[PDB]
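Visitor: Sharing protein_26.cif (mmCIF, C-alpha atoms and all ligand atoms) below.
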```cif
data_upload
#
loop_
_atom_site.label_atom_id
_atom_site.label_comp_id
_atom_site.auth_asym_id
_atom_site.auth_seq_id
_atom_site.Cartn_x
_atom_site.Cartn_y
_atom_site.Cartn_z
CA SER N 1 -35.84 24.17 -27.08
CA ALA N 2 -37.20 22.31 -24.04
CA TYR N 3 -38.36 19.46 -26.27
CA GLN N 4 -34.94 19.26 -27.96
CA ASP N 5 -33.30 19.27 -24.51
CA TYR N 6 -35.50 16.32 -23.55
CA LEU N 7 -34.36 14.26 -26.53
CA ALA N 8 -30.71 14.97 -25.83
CA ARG N 9 -30.89 14.45 -22.06
CA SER N 10 -32.58 11.06 -22.47
CA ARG N 11 -29.87 9.93 -24.90
CA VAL N 12 -27.05 11.28 -22.74
CA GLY N 13 -28.48 9.39 -19.77
CA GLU N 14 -28.35 6.22 -21.85
CA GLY N 15 -24.70 6.85 -22.64
CA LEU N 16 -23.89 7.35 -18.97
CA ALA N 17 -25.61 4.06 -18.20
CA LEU N 18 -23.69 2.24 -20.96
CA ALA N 19 -20.50 3.60 -19.38
CA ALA N 20 -21.15 1.39 -16.34
CA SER N 21 -19.10 -1.17 -18.28
CA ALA N 22 -16.13 1.19 -18.15
CA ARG N 23 -16.68 2.03 -14.47
CA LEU N 24 -16.53 -1.70 -13.72
CA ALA N 25 -13.38 -2.18 -15.80
CA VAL N 26 -11.67 0.70 -13.99
CA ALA N 27 -12.66 -0.81 -10.64
CA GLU N 28 -11.36 -4.25 -11.63
CA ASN N 29 -8.08 -2.82 -12.88
CA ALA N 30 -7.72 -0.67 -9.76
CA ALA N 31 -8.25 -3.81 -7.62
CA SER N 32 -5.38 -5.55 -9.45
CA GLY N 33 -3.01 -2.58 -9.80
CA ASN N 34 -3.36 -2.68 -13.60
CA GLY N 35 -3.61 0.13 -16.11
CA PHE N 36 -7.18 1.35 -15.88
CA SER N 37 -8.20 0.60 -19.48
CA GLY N 38 -6.59 -2.83 -19.60
CA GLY N 39 -8.86 -5.43 -21.13
CA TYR N 40 -11.80 -3.05 -21.52
CA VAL N 41 -13.94 -3.70 -24.60
CA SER N 42 -16.57 -1.01 -25.01
CA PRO N 43 -20.11 -1.97 -26.05
CA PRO N 44 -21.17 -1.58 -29.68
CA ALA N 45 -21.63 1.93 -30.95
CA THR N 46 -25.29 2.96 -30.97
CA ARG N 47 -27.26 5.60 -32.82
CA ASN N 48 -26.52 7.89 -29.84
CA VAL N 49 -23.12 6.82 -28.45
CA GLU N 50 -20.08 6.97 -30.72
CA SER N 51 -17.52 5.66 -28.22
CA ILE N 52 -16.68 5.07 -24.57
CA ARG N 53 -13.00 5.11 -23.63
CA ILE N 54 -10.91 4.89 -20.47
CA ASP N 55 -7.75 6.88 -19.76
CA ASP N 56 -5.23 4.19 -18.80
CA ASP N 57 -3.38 6.53 -16.40
CA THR N 58 -6.22 8.18 -14.47
CA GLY N 59 -9.30 6.02 -15.08
CA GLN N 60 -11.24 8.96 -16.52
CA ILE N 61 -14.06 7.82 -18.81
CA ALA N 62 -14.87 9.84 -21.93
CA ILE N 63 -18.24 9.30 -23.63
CA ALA N 64 -18.57 10.71 -27.14
CA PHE N 65 -22.09 11.20 -28.49
CA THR N 66 -23.23 11.16 -32.09
CA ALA N 67 -24.63 14.09 -34.05
CA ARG N 68 -28.15 13.00 -33.04
CA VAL N 69 -27.21 14.36 -29.62
CA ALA N 70 -24.65 17.12 -30.15
CA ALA N 71 -22.30 18.48 -32.77
CA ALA N 72 -18.81 17.07 -33.18
CA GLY N 73 -16.36 18.93 -30.99
CA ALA N 74 -19.22 19.59 -28.52
CA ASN N 75 -20.18 15.98 -27.86
CA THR N 76 -18.03 14.52 -25.05
CA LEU N 77 -18.92 14.00 -21.39
CA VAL N 78 -16.35 12.82 -18.84
CA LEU N 79 -16.53 10.84 -15.61
CA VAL N 80 -13.64 11.30 -13.16
CA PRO N 81 -12.89 8.66 -10.50
CA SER N 82 -11.44 9.32 -7.08
CA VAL N 83 -10.87 7.58 -3.75
CA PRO N 84 -10.54 8.94 -0.20
CA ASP N 85 -7.03 9.71 0.96
CA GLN N 86 -7.71 7.19 3.74
CA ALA N 87 -10.79 5.02 4.19
CA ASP N 88 -11.43 5.90 7.83
CA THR N 89 -12.49 9.54 8.30
CA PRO N 90 -10.88 10.91 5.12
CA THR N 91 -9.73 14.49 4.86
CA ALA N 92 -9.61 14.64 1.03
CA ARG N 93 -10.22 12.80 -2.24
CA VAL N 94 -7.36 11.80 -4.54
CA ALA N 95 -6.99 10.65 -8.12
CA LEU N 96 -6.44 6.96 -8.71
CA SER N 97 -2.82 5.72 -8.70
CA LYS N 98 -1.86 3.57 -11.67
CA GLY N 99 -0.18 0.38 -10.50
CA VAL N 100 -1.44 0.45 -6.91
CA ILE N 101 -3.87 -2.15 -5.55
CA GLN N 102 -6.96 -0.05 -4.72
CA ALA N 103 -10.07 -2.08 -3.87
CA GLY N 104 -12.25 0.45 -2.03
CA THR N 105 -15.27 2.28 -3.41
CA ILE N 106 -14.54 4.65 -6.27
CA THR N 107 -16.54 7.87 -6.51
CA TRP N 108 -17.32 9.05 -10.04
CA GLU N 109 -17.97 12.70 -10.80
CA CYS N 110 -19.55 13.78 -14.08
CA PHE N 111 -18.29 16.87 -15.91
CA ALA N 112 -19.97 18.55 -18.83
CA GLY N 113 -18.25 21.30 -20.81
CA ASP N 114 -19.42 24.17 -18.55
CA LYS N 115 -18.43 22.62 -15.20
CA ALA N 116 -15.37 24.49 -13.95
CA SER N 117 -14.78 22.86 -10.56
CA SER N 118 -15.48 19.68 -8.67
CA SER N 119 -18.61 19.71 -6.52
CA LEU N 120 -18.71 16.72 -4.18
CA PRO N 121 -19.74 16.21 -0.56
CA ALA N 122 -17.24 15.56 2.21
CA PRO N 123 -14.36 14.74 2.10
CA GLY N 124 -14.49 17.36 -0.62
CA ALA N 125 -13.38 18.16 -4.14
CA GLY N 126 -12.30 15.42 -6.49
CA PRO N 127 -9.93 15.78 -9.43
CA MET N 128 -10.75 17.76 -12.53
CA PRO N 129 -10.99 16.16 -15.98
CA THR N 130 -7.82 15.07 -17.73
CA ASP N 131 -9.35 15.70 -21.16
CA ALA N 132 -11.86 18.53 -21.14
CA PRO N 133 -15.47 17.55 -21.85
CA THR N 134 -17.23 19.49 -24.56
CA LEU N 135 -20.92 18.54 -24.23
CA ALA N 136 -23.11 21.47 -23.23
CA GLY N 137 -24.24 21.08 -19.63
CA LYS N 138 -27.86 21.77 -20.58
CA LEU N 139 -27.87 18.46 -22.51
CA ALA N 140 -26.54 16.42 -19.57
CA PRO N 141 -28.01 15.39 -16.22
CA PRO N 142 -27.88 18.15 -13.60
CA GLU N 143 -25.03 16.54 -11.65
CA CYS N 144 -22.78 17.18 -14.70
CA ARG N 145 -23.42 20.94 -14.92
CA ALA N 146 -21.83 24.06 -13.50
CA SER T 1 -31.70 -14.80 -40.17
CA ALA T 2 -27.92 -14.39 -39.82
CA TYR T 3 -28.12 -10.60 -40.10
CA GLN T 4 -30.98 -10.33 -37.61
CA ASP T 5 -29.12 -12.58 -35.16
CA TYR T 6 -26.05 -10.35 -35.53
CA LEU T 7 -28.15 -7.26 -34.83
CA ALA T 8 -29.73 -8.97 -31.83
CA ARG T 9 -26.33 -9.98 -30.44
CA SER T 10 -25.11 -6.38 -30.72
CA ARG T 11 -28.13 -5.16 -28.76
CA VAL T 12 -27.61 -7.90 -26.16
CA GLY T 13 -24.07 -6.58 -25.79
CA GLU T 14 -25.55 -3.20 -24.90
CA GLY T 15 -27.62 -4.84 -22.17
CA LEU T 16 -24.60 -6.67 -20.79
CA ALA T 17 -22.78 -3.33 -20.62
CA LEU T 18 -25.73 -1.77 -18.78
CA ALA T 19 -25.68 -4.73 -16.38
CA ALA T 20 -22.19 -3.76 -15.22
CA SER T 21 -23.89 -1.36 -12.80
CA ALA T 22 -25.64 -4.34 -11.21
CA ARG T 23 -22.41 -6.34 -11.10
CA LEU T 24 -20.73 -3.42 -9.31
CA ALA T 25 -23.59 -3.19 -6.80
CA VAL T 26 -23.44 -6.92 -6.06
CA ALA T 27 -19.69 -6.70 -5.43
CA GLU T 28 -20.07 -3.66 -3.16
CA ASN T 29 -22.79 -5.39 -1.14
CA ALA T 30 -20.78 -8.60 -0.91
CA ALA T 31 -17.82 -6.67 0.49
CA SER T 32 -20.07 -5.15 3.17
CA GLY T 33 -22.23 -8.16 4.03
CA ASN T 34 -25.35 -6.42 2.70
CA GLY T 35 -28.24 -7.75 0.65
CA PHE T 36 -26.97 -7.92 -2.90
CA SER T 37 -29.54 -5.55 -4.44
CA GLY T 38 -28.99 -2.94 -1.72
CA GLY T 39 -28.87 0.60 -3.07
CA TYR T 40 -29.17 -0.42 -6.74
CA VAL T 41 -31.80 0.65 -9.29
CA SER T 42 -32.32 -0.70 -12.82
CA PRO T 43 -30.83 1.87 -15.26
CA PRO T 44 -33.32 3.65 -17.53
CA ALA T 45 -35.17 1.33 -19.88
CA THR T 46 -33.95 1.58 -23.46
CA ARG T 47 -35.26 0.57 -26.87
CA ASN T 48 -33.33 -2.70 -26.31
CA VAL T 49 -33.43 -3.39 -22.55
CA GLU T 50 -36.58 -3.57 -20.45
CA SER T 51 -35.07 -4.10 -17.00
CA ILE T 52 -32.04 -5.36 -15.08
CA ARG T 53 -32.83 -6.81 -11.66
CA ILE T 54 -30.72 -8.28 -8.83
CA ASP T 55 -31.78 -11.13 -6.54
CA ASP T 56 -31.09 -9.85 -3.03
CA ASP T 57 -30.22 -13.31 -1.68
CA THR T 58 -27.92 -14.64 -4.43
CA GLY T 59 -26.73 -11.68 -6.46
CA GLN T 60 -27.98 -13.27 -9.69
CA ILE T 61 -28.84 -10.63 -12.31
CA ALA T 62 -31.77 -10.98 -14.74
CA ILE T 63 -31.58 -8.91 -17.93
CA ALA T 64 -34.87 -8.63 -19.84
CA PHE T 65 -34.64 -7.49 -23.47
CA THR T 66 -37.33 -5.80 -25.57
CA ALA T 67 -39.00 -7.18 -28.69
CA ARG T 68 -36.28 -5.43 -30.71
CA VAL T 69 -34.09 -8.33 -29.51
CA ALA T 70 -36.42 -11.27 -28.91
CA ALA T 71 -40.05 -12.09 -28.29
CA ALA T 72 -41.59 -11.66 -24.86
CA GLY T 73 -40.98 -14.85 -22.82
CA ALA T 74 -37.81 -15.66 -24.82
CA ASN T 75 -35.94 -12.53 -23.85
CA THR T 76 -33.99 -12.98 -20.60
CA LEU T 77 -30.35 -13.66 -19.72
CA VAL T 78 -29.15 -14.49 -16.20
CA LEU T 79 -25.70 -13.63 -14.80
CA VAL T 80 -24.64 -15.78 -11.83
CA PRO T 81 -21.91 -14.68 -9.37
CA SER T 82 -19.73 -17.11 -7.45
CA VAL T 83 -16.57 -17.20 -5.34
CA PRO T 84 -14.13 -19.96 -4.41
CA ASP T 85 -14.76 -21.67 -1.11
CA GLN T 86 -11.24 -20.56 -0.11
CA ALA T 87 -9.38 -18.01 -2.23
CA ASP T 88 -5.92 -19.29 -1.35
CA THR T 89 -6.66 -23.07 -1.33
CA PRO T 90 -9.88 -23.55 -3.34
CA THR T 91 -11.71 -26.82 -3.94
CA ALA T 92 -14.98 -25.60 -5.52
CA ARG T 93 -17.04 -22.56 -6.43
CA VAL T 94 -19.94 -21.51 -4.21
CA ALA T 95 -22.83 -19.09 -4.47
CA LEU T 96 -22.64 -15.76 -2.69
CA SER T 97 -23.95 -15.74 0.87
CA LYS T 98 -25.94 -12.75 2.11
CA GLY T 99 -24.39 -11.35 5.26
CA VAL T 100 -20.84 -12.66 4.78
CA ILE T 101 -17.99 -10.20 4.32
CA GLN T 102 -16.77 -11.35 0.89
CA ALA T 103 -13.97 -9.19 -0.52
CA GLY T 104 -12.34 -11.55 -3.04
CA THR T 105 -12.84 -11.76 -6.79
CA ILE T 106 -16.39 -12.63 -7.88
CA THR T 107 -16.66 -14.70 -11.06
CA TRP T 108 -19.71 -14.05 -13.25
CA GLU T 109 -21.21 -16.68 -15.55
CA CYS T 110 -23.76 -15.82 -18.24
CA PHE T 111 -26.62 -18.21 -19.03
CA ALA T 112 -28.90 -18.20 -22.04
CA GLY T 113 -32.03 -20.33 -21.90
CA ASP T 114 -30.50 -23.28 -23.76
CA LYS T 115 -27.22 -23.40 -21.80
CA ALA T 116 -27.53 -26.73 -20.03
CA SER T 117 -24.92 -26.47 -17.28
CA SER T 118 -22.28 -24.29 -15.72
CA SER T 119 -19.12 -24.31 -17.83
CA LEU T 120 -16.33 -22.61 -15.89
CA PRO T 121 -12.62 -23.45 -15.52
CA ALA T 122 -11.08 -24.92 -12.38
CA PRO T 123 -12.06 -24.98 -9.57
CA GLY T 124 -15.18 -26.07 -11.47
CA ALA T 125 -18.90 -25.48 -11.93
CA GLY T 126 -20.61 -22.44 -10.51
CA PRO T 127 -24.26 -22.24 -9.50
CA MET T 128 -27.08 -22.40 -12.03
CA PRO T 129 -29.72 -19.69 -12.51
CA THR T 130 -32.40 -19.92 -9.84
CA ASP T 131 -35.05 -19.22 -12.47
CA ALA T 132 -34.54 -20.32 -16.06
CA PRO T 133 -33.23 -17.71 -18.51
CA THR T 134 -35.25 -17.60 -21.73
CA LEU T 135 -33.12 -15.87 -24.41
CA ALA T 136 -31.89 -18.26 -27.10
CA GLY T 137 -28.10 -18.55 -27.02
CA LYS T 138 -27.79 -17.76 -30.73
CA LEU T 139 -28.85 -14.19 -29.80
CA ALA T 140 -26.22 -13.86 -27.06
CA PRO T 141 -22.43 -13.63 -26.95
CA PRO T 142 -20.66 -16.99 -27.01
CA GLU T 143 -19.92 -17.01 -23.26
CA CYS T 144 -23.69 -17.31 -22.63
CA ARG T 145 -24.23 -20.32 -24.88
CA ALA T 146 -24.40 -24.07 -24.49
BR BR H 1 -27.51 4.41 -26.55
BR BR H 2 -10.35 2.36 -23.75
BR BR H 3 -16.17 0.86 -7.39
BR BR H 4 -18.46 25.40 -11.92
BR BR H 5 -16.10 12.06 4.94
BR BR H 6 -31.89 14.91 -17.22
BR BR H 7 -29.41 -0.19 -24.71
BR BR H 8 -22.34 2.02 -12.06
BR BR H 9 -33.23 -4.87 -8.39
BR BR H 10 -37.02 -14.88 -30.15
BR BR H 11 -10.32 -19.68 -7.54
BR BR H 12 -35.04 -20.15 -31.09
BR BR H 13 -21.40 -11.58 -29.92
#
```
Would you kindly transcribe this structure into structure tokens?
Guide:
Amino acid sequence: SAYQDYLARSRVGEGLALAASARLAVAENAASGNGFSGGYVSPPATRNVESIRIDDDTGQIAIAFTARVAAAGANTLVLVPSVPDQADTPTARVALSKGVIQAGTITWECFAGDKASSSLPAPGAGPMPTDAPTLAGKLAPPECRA
Amino acid sequence: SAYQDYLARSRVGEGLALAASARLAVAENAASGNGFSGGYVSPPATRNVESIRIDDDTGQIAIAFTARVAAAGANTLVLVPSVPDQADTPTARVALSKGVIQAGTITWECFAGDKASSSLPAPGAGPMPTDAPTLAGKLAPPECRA
């Protein structure tokens, strides 16, 4: 229902905002050439957010929501980071490189379970999720959907 | 109450996680010589966090918590950013300077209302909050306390 969608979308937006902590940790680790999850301590679990985790190799962030939001196995949204292939007039986006000092701006793309391709402006597509998200797109902000 | 203080501290941890988006914005603006609040917007208000605001001239972040955490007027934490005067041969910490291209590591210090002074390692004290924080330190993580 539209009302049920409202409850879920509001709670999913809160989870995305709580994941700013992970986006910062990934940026700090990228700036030092460290594994992307190194030193990251996620905020306390809430009634809506079960966990926020970082993939140490790619910097992908996975947000798992509680049953108040979505059923288990259909409850995970992912954010994928990328950087331009070169800072000045890039021709493409690339995944982060573990171990490399990368201090430029990271672009984060949100993927819900229905989103089958990257949709970003120039310089174009970013990487796809490492671990597939499972949250229904209708419960996530529009930038996460197919 | 010990339990209530523990619950409050957990909710303050949520607000500190939300405030990572402001810390990222300050760092991006410092690297570009822009006003420190440029292009940032307080994440959605939550049951625990009223607002997160950046001072455009200093980069200090004010986090205001709801009554679920502390009473109105006793509910704010301030995060203060600083950099060394010289990254390679430092003698002191200094406040951020709007308009300077600052690409080094920014150190953030958290202040509760009853934290009397900056307490950072060498090269020494960072700046104090421009306006007084009001959250009691017992409701905040230890790094915010006297
Ligand atoms: Br939440
Ligand atoms: Br993690
Ligand atoms: Br970034
Ligand atoms: Br698609
Ligand atoms: Br471009
Ligand atoms: Br929405
Ligand atoms: Br919150
Ligand atoms: Br962010
Ligand atoms: Br602001
Ligand atoms: Br209080
Ligand atoms: Br230093
Ligand atoms: Br008190
Ligand atoms: Br704590």
Visitor: Identify every residue of chain T that has at least one atom within 8 Å of any atom of chain N, counting only C-alpha atoms, and report the result as a short mmCIF file (atom, residue, chain, number, x, y, z; two decimals) with C-alpha atoms, in the coordinates of the input.
Guide:
```
data_model
loop_
_atom_site.label_atom_id
_atom_site.label_comp_id
_atom_site.auth_asym_id
_atom_site.auth_seq_id
_atom_site.Cartn_x
_atom_site.Cartn_y
_atom_site.Cartn_z
CA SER T 10 -25.11 -6.38 -30.72
CA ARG T 11 -28.13 -5.16 -28.76
CA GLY T 13 -24.07 -6.58 -25.79
CA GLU T 14 -25.55 -3.20 -24.90
CA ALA T 17 -22.78 -3.33 -20.62
CA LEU T 18 -25.73 -1.77 -18.78
CA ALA T 19 -25.68 -4.73 -16.38
CA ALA T 20 -22.19 -3.76 -15.22
CA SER T 21 -23.89 -1.36 -12.80
CA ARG T 23 -22.41 -6.34 -11.10
CA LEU T 24 -20.73 -3.42 -9.31
CA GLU T 28 -20.07 -3.66 -3.16
CA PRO T 43 -30.83 1.87 -15.26
CA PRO T 44 -33.32 3.65 -17.53
CA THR T 46 -33.95 1.58 -23.46
#
```
Visitor: Dump the neighbourhood of ligand BR 5 (chain H) as an MDAnalysis selection string: all residues within 7 Å, distances computed on all atoms listed in the file.
Guide: chainID N and resid 89:91 122:123
Visitor: Measuring atom to atom with all atoms listed in the file, identify which of T:94, T:29, T:146, T:115 is nearest to ligand BR 3 (chain H).
Guide: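 Using all atoms listed in the file, ligand BR 3 (chain H) sits closest to T:29.
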Visitor: Work out how far apart CA of residue 99 (chain T) and CA of residue 58 (chain T) are and give it in Å to one decimal.
Guide: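 Between CA of residue 99 (chain T) and CA of residue 58 (chain T) the gap works out to 10.8 Å.
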Visitor: Counting only C-alpha atoms and all ligand atoms, which protein, DNA or RNA residues come within 8 Å of ligand BR 6 (chain H), given as a PDB file with C-alpha atoms, in the frame of the given file?
Guide:
```
ATOM      1  CA  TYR N   6     -35.500  16.320 -23.550  1.00  0.00           C
ATOM      2  CA  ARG N   9     -30.890  14.450 -22.060  1.00  0.00           C
ATOM      3  CA  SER N  10     -32.580  11.060 -22.470  1.00  0.00           C
ATOM      4  CA  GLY N  13     -28.480   9.390 -19.770  1.00  0.00           C
ATOM      5  CA  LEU N 139     -27.870  18.460 -22.510  1.00  0.00           C
ATOM      6  CA  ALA N 140     -26.540  16.420 -19.570  1.00  0.00           C
ATOM      7  CA  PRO N 141     -28.010  15.390 -16.220  1.00  0.00           C
ATOM      8  CA  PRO N 142     -27.880  18.150 -13.600  1.00  0.00           C
TER       9      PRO N 142
END
```
